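Naming convention: chains lettered A, B, ... in sequence-line order (proteins, then strands); numbering from 1 in each chain. When reading the values below, keep in mind they use all heavy atoms of this one structure, side chains included, and skip hydrogens, waters and symmetry mates.
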Amino acid sequence: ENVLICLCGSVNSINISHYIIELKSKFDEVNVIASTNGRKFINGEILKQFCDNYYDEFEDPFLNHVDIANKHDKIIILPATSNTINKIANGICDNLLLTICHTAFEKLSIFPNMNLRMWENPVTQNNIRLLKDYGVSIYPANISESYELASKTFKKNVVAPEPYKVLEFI
Amino acid sequence: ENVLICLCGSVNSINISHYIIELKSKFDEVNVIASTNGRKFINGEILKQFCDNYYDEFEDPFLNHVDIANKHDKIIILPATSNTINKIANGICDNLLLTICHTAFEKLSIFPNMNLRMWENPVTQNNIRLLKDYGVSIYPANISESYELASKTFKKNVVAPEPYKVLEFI
Amino acid sequence: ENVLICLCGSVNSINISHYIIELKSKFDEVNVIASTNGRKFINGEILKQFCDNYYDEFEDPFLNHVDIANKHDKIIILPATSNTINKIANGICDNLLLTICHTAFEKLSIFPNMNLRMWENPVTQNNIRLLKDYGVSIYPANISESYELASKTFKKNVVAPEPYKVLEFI
Amino acid sequence: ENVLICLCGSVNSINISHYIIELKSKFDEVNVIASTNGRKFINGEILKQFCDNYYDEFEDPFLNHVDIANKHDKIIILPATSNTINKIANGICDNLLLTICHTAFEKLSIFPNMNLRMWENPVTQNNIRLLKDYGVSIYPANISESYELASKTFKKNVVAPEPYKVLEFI
Amino acid sequence: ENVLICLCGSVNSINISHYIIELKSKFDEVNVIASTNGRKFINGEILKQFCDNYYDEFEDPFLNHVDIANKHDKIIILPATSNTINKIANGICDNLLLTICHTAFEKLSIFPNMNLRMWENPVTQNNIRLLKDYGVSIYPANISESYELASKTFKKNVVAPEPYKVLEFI
Amino acid sequence: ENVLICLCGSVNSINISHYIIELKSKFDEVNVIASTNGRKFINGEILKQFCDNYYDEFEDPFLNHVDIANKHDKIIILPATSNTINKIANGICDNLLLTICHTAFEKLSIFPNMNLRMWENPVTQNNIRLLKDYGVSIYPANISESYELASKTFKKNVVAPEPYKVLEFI
Amino acid sequence: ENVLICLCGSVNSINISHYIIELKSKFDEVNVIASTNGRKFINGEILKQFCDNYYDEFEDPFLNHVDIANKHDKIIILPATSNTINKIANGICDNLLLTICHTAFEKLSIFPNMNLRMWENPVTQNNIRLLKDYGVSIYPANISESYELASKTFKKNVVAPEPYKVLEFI
Amino acid sequence: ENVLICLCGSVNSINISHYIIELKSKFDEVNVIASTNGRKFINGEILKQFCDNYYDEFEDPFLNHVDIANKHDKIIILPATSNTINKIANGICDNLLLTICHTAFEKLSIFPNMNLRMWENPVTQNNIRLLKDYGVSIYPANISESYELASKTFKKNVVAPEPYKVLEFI
Amino acid sequence: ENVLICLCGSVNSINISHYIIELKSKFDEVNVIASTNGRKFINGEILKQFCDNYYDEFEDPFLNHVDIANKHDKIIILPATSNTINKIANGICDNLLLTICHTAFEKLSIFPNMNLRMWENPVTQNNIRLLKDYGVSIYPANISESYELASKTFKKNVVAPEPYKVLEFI
Amino acid sequence: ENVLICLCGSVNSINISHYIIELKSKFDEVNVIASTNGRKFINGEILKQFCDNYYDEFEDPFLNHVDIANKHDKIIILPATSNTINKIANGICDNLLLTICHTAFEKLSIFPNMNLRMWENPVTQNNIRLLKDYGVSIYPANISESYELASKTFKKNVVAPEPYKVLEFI
Amino acid sequence: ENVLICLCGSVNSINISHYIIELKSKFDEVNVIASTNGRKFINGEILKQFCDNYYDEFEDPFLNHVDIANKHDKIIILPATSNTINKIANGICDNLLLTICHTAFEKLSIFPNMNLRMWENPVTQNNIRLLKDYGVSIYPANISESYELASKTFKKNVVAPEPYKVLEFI
Amino acid sequence: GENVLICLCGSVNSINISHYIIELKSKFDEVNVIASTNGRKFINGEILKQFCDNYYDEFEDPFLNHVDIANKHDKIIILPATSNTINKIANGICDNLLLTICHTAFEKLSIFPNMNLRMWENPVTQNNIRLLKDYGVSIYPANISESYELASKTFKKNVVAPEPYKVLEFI
Ligand SMILES: [Cl-]
Ligand SMILES: [Cl-]
Ligand SMILES: [Cl-]
Ligand SMILES: [Cl-]
Ligand SMILES: [Cl-]
Ligand SMILES: [Cl-]
């Protein structure tokens, strides 16, 4: 069994090595893709020290979404941004990660990771309900609060859960 | 009378020269524009051996969508990707092609071309329904299953129809 | 009290300096961000002659939307393209401007600027309704008609109102 | 009946839109050239939304000064920098705008635009009188003092007059 | 049994995919290489959707002509330009495609494709005669007259024949 | 009538403006193309001060040889290098200049310009003879001796004759 | 008080750290700017080991001449080239250095540094004479002879005086 | 004896080979420099085929004006643009050609080449008069009228005279 | 006496340091040129540790073929490719190596180096006889069959002879 | 109380955020530098989400080692490579990181992190002892064996310890 | 059994092909890595004609030293620079080559190649002694005098022995 | 007709090198210059060529030969000499042209140390200076001084390169 991790434009993408690692215990291949806006949060060579394949549509523009989707029994968005959730809910797919996801709702799990204002946005909530309606699994993200070093303020968030929790959810 | 062909990111865009040839039998100008993602499937210099105008937003970023729309009696999306359909259904126009289409629903004909999984995605079907409600012509593309050389598998697709059927539909 | 001006890809963005000047009569900081397609319409150094901060994610990709959002009491979109309205109505936030506006519906005022046909597009009109229902404040622009030098034709538009009208509305 | 606007390196170049629009009510073509130093204050693609030709030395280095001069009945420098005035007074033509003007004193109208200390420089003052002695019309611009937002101080300048005053003068 | 398609700098190169698909019904591998000049008429990633190997001298300058020749039972030049026909006749092999052909005359078939004036150049005639004498098989290309969209004129040509005839000739 | 000047890689290419001026006395249009090696000897913008059209394959790789040949009543090579002469005689056409010349022997004049050693090379003479047989007109160039500044030696050459002799030859 | 050192295109610019050091004994800030030509004679990160601000027009093209000028009690040109002296005498300000100086004659001291032939050029002497009449302070430069390594010859110059003479003169 | 030819931004600069050859009959070294704006009119490598040294300030920025002037018994400006005439007369030297000329009035011969309007400009005439006063020789340029291919209009010019005429003047 | 070694695109070019060392015992200068295609097989700086001049067309595109030919008493092509032998045989000189050889058949010695299939091409065999008829000496190279490491198979070639045999033949 | 974390060319440099976070509890500023070879393992914008300052010699080559050392009460190397350990011990300091540590032995702690063959290289052990004798504090890292995804093999290492252990040791 | 050859910055590196070929008589794979300064002495694609893998840090920065070391039974440095020897003795490993050797002293054999003066340097001799005590095998090279063409002088060196000698020693 | 080569390292005192060149020209026929890799950013090679005879630039000519350069010079000096360069030399590390030149020519080599006192007093640096002396390299008995540093606005202690006349007397 193979899993594809879809990484979005969040700081929490920098922890993905710890999820590659736990997932390699129970899946044969753990592969990773990033959104265009996600590529700047990550180091492609570093992911390749853990995951089996890094799809990079900038290096290989002609990678096929159907073939990638078919190779995987599970596809997760972790961390999932508001933008990616709301694109997927409306069938928007102007990059490879979004297109893969659009081909495979039945294999798809989303791990919401965002600021509370974005999570509680009416459009986001409705779109999360469309997706649940359409067969996509959404992790029941807890609302946490925490000191953010970059701003020197407390921020309220829903965040990607711990790795072992991902393994149970999928 | 003038027609505009809008090419999306699909391998079926490399057959566009055949449709241009046949549309020149009915139309004064056959002009062409590609989506950003569709640019990599085609060769704009080859396109200009057959079309009258190739609109290229990268070469000329101040191209005007209203002026382009107004100059055409018919605008077609061939091949029409899932992405482009779902974007057009939601009013998203973040490239020139999409902006042109937004301006001219009453002139707009779409030829879906995509994997069956994407065609059957509930969101895409919802969006197809909406486009029809807003008066966009949608070609009744047939579902075919052929052997794909690129993956060495059989795939099920809705596909752009032969050129003479495009002529009859618009 | 601080105000953020979000400009979209419209020729009316070249008049933003007058809006900045007039807005500085009433707010401490007048700041500015452009859409990605917006950038080509404005001159960033010229904007910095009048505004206090010009937020540029191509220059600084890790600018944080929530910190910029919280910094401001009012966020206006002017001129507001159909694209940006339709993305925001759908929760789509794939550049920084969009991500800011997504986080702050309750502070948002939109000044539509687009051709009649885009304005009358039923999706645009549905989404404008939707935004108002979710607490976004939308200027009641009227269709005007003027001679457009670029096309040597009369064009019908909704346009950004004069600065005094902006001050009044927000 | 043709007019050329020559723009120099002043922030008042950003309002050339309004002058072009006004001049278009009285002249067949309204064309534009910028000095090398003025290019950075404007956006050529925006300029071309309003003027008939934007002459760009860097795009087309072999543009001819006599042919361009001959094409126009009236050539104006608005806003005219102290540099460009003093170069023209001394016959210095190391760019296309200055070379055009050197060829066309009989057709030339100058609208000074500068800080008062530059306007009051005896060298500038001497060059103005020379330019008048040799048949160049210099707008009798008056000193004005306003708050400059960029420096947060009041500044005295002589400024280009509003559009209608330009039509009245030339 | 493997075949190598050598494509030259002709617009008829854009139809190469139909010949590839046809040749895949008989041959195990169908591989492709283009002349230096032919590269601009084609898209290598699109070719790789249908062919097994696309040999690219620019990307892999050390590709070995002898190993490539030896891997293939048949080598065809389609479309064959006058230039390539004439360089092969004369032992000129200054690119990878021509070098390969030079090492494998006994495996070589040529499908002339060129304006009649070039086909009836006496030098080209003489060189077709000399290539047959060396046991290179030259398709007996028929002359045809057609309307050419790119010139808005009728051109006389010898043309690559339909794919089924290609299969039948080799 | 129109004439095309093909310039090859020789320092006599720097005098071509005197040929254009003389040819303009007798030809509606005098156009110019250079060999790839000939480009480094000339200045394109300087040529376009004198000639009507300068065809530049690097700027426009899809210039059509047929369409260019057909526009011209007489095509000349002046100065014609040994390399170009020998290539035309063998039907090699790996640039645009040789391709055009390959399609119009009927209309082709050649003005040898080269050192004596190259002129008296037997392969050149054989090729000169073959071109004469197949309809091309070779100017009976004569052998001169001249002090050459670049080497500080007397060299023996065959050269392009004076401009008026070019007019009387064609 | 603040002083601004303006350096021109001269090898004596390499000694400016010693003048900066000297001036820091009297002035609060010693800031530095180079002419465009001057820039190749110096190293701006090395200048910044000594001065407070290094104004760099190529890095920050919108630096304001009036605000820089106003910040400084004294502005000195050291070493002042014949070019800069003559441009200043004529009101030519085509770079930031010359513009600043143009706005601040009353604050300006010049330290002529140049070959004797350039000093005794009558135009330079005329311009020195006019600069004095306009109230610009000119160091009474003395004429030294010395062996110059670069040419291996004896050269006569007027040169910048020692640091202590500079402090004393301003 | 050694002579330096200074070329300016004029199309007449493309015959300088003819002047170089002539001047070699009576001068041991014939060297050449272009103004920055004259570089686009000439080919430096073609120049080095005839001249002894081509002084290229872009490739060697530290070429020394005093040393270059000292090497030459005569410096000639041919063709001399109005800009370069007017800059010499005002002691401006922001390129190497201007600087070398500022250092050696007593060795300087100027051959004016320009449109009549520039020649009859009162500022240009002032400056010609001043240079004669200061010992520069100015060739008695005649006014000629001729048809200019580039514009397709008769132009009035003062022009650099025949080569032998230059030799008897310097 | 001086000797020039012309290197072509063969892996045996890597051995040329041995040949230069050998030849330096008999000839004053031993100089080297590469074919355009051969440059990728060699290291110009390494060549320069051994040969006196390395002629590089790309670094020095105006290197003169006559001057270089004349400097040398013997010119050899080692290793000589089928391409270069066939071009020279037909007077084709589209690079500097081939142009030098074209000038000096009477000085020229060729050491073939190519796969047997190429050597046994009737075209090559023909061109070899022609070259001998024109007085070019062709080493009587033996056919040899070696294990080739790069392909893991045995190959039949004709091969450049050992250095000492090159001294004996030349 | 500031602490500087120095980062070396190790895969454990990807866990550094976790150390930054823990250290910001006990220290006011936690700052970061990487070795030249550490840079490719790290994301400098991501680091700036957690650290106060990131010293980047490539962006700011003139950062002063003495000033950076003086600013910090503790400097730690973590992860510390063999290379960096062995350079520091011999006083080699050809990057900013090593020069900072060369200036500050009395503040320096080292957390070695490398394969066991490197740790047990006798030169590394000797160097570790010298550093101990020179006041540097070496974390007594334990040997651990573990499965490395990157190789698919078990590896023995000394590794950087958990963040809390780092706090306890410095 | 596999062997790794580590090439350093020496002109004797251009003979490494003979070493690889002879080593392929006894080892399954013969692989190769160059030092950073050695890269400029060799031609990578040429090396891949003979070796099985050429390890290139610049093309693949994440290549792993432990994995490469473990793969090989013998690692040889040849030619071995003074620098590399002295770096290895000290534990310095700031490129991939050095890092490999650092990890595998027990498999390492060094073939010194340097000037007498570097070889006789006391540090170099202490370092050779140190490496022997640490298990490294050092070829007991002899000083030989050779005439060096590069300098036209006789030089004294220790050099890499012939391939058969390498086979014997390792 | 002796020749001296000045080796410049990565320190702000390299900015003064035209003065030393001017003065060495009274004692030496050619005065030539090379910089370390990091040293290059402190200087302006074309400015150096106004004063020196040859500026050896490894970036512009990567095949310059350290043996031929060393043999052309009677005296080789490192001025200013960084701690890194001294410690690389002590250990035979020659990863650039300057360092390779010094490795080949210890018997000709004089070092004028220039660095913060902390680096001078680092025992590693002190051990290497002693070894360099053991192997016959001349080390200028550098002056320890405390001066106000504009760049940091603080007082720093340094060993510093000496005035040009002291260089002339030491070599
Ligand atoms: Cl101003
Ligand atoms: Cl054709
Ligand atoms: Cl001077
Ligand atoms: Cl071969
Ligand atoms: Cl050596
Ligand atoms: Cl220091």
Side-chain angles (χ1 to χ4, degrees), chain D residues 8-14 34-42 80-95 97-98 110 112-131 145-159, chain G residues 4 35-37 53 55-75 77 82-108 110 123-124 126-138:
Chain D
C8 310
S10 179
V11 170
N12 273 347
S13 291
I14 72 164
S35 72
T36 306
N37 291 335
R39 292 159 78 79
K40 93 182 151 275
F41 292 87
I42 64 198
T81 50
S82 200
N83 175 67
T84 288
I85 292 172
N86 294 317
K87 285 183 141 162
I88 293 178
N90 290 301
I92 311 301
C93 37
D94 43 16
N95 68 42
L97 179 166
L98 298 164
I110 296 175
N113 192 105
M114 63 194 84
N115 194 263
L116 191 56
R117 295 199 194 76
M118 303 163 79
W119 185 239
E120 283 182 0
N121 192 296
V123 179
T124 310
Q125 294 174 320
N126 290 333
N127 283 332
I128 292 294
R129 321 256 222 245
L130 189 34
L131 281 175
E145 181 184 342
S146 24
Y147 195 75
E148 205 196 54
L149 280 173
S151 63
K152 290 200 175 83
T153 68
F154 292 86
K155 294 244 189 134
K156 294 194 180 90
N157 299 284
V158 49
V159 306
Chain G
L4 175 63
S35 76
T36 300
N37 300 328
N53 294 95
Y55 295 115
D56 187 3
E57 196 195 343
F58 186 94
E59 161 69 348
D60 185 357
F62 275 71
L63 283 166
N64 189 281
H65 59 286
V66 179
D67 307 324
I68 288 175
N70 284 353
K71 186 183 152 100
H72 293 99
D73 297 283
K74 300 288 167 34
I75 304 180
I77 315 179
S82 198
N83 177 68
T84 282
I85 277 160
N86 293 311
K87 282 187 166 189
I88 292 167
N90 281 294
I92 312 315
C93 32
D94 46 21
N95 64 35
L96 182 52
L97 178 161
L98 294 158
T99 302
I100 288 165
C101 292
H102 177 71
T103 91
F105 272 26
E106 77 293 345
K107 290 184 173 165
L108 193 63
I110 304 186
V123 169
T124 310
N126 285 14
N127 286 343
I128 285 300
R129 191 197 337 288
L130 298 183
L131 283 166
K132 287 160 165 170
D133 302 345
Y134 305 141
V136 170
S137 290
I138 312 292

Legend entry - More than 12 heavy atoms from other groups under 6.0 Å of CD on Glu145(D): yes

Inset, instruction - For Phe58(G), enumerate each residue passing the ring-ring contact (aromatic ring centres under 6.0 Å, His included) test, keeping only those at least two apart in sequence or located in another chain. - result: none

Legend entry - Inter-residue atom distance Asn86(D).CG - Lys87(G).NZ, 0.5 Å rounding: 12.5 Å

Inset, instruction - Not counting sequence neighbours, which residues clear side-chain hydrogen bond (donor to acceptor under 3.5 Å, both in side chains) with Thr84(D)? List them please. - result: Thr81(D)

Inset, instruction - Examine whether an atom of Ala69(G) lies under 4.5 Å from a heavy atom of chain D, and if so say whether it belongs to the side chain, the backbone or both; otherwise answer neither. - result: neither

Inset, instruction - Check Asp94(D), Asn90(D), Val123(D) against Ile92(G) for a side-chain contact (heavy atoms from CB on, under 4.5 Å) and give me the one that passes. - result: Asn90(D)

Only pairs under 3.5 Å count here: list side-chain donor-acceptor contacts from residues 128-135 of chain G, not counting sequence neighbours, and write none if there are none.
unit_1	atom_1	unit_2	atom_2	d
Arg129(G)	NH2	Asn126(G)	OD1	2.8
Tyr134(G)	OH	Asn126(D)	ND2	3.2

Inset, instruction - Below 4.5 Å from any heavy atom of chain D, which atoms of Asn64(G) appear? Answer side chain, backbone, both or neither. - result: side chain

Legend entry - Close approach to chain G in residues 148-158 of chain D, criterion heavy atom under 4.5 Å: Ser151(D), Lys155(D)

Inset, instruction - For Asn121(D) and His102(G), indicate whether the former's side chain and the latter's backbone hold a donor-acceptor pair under 3.5 Å. - result: yes

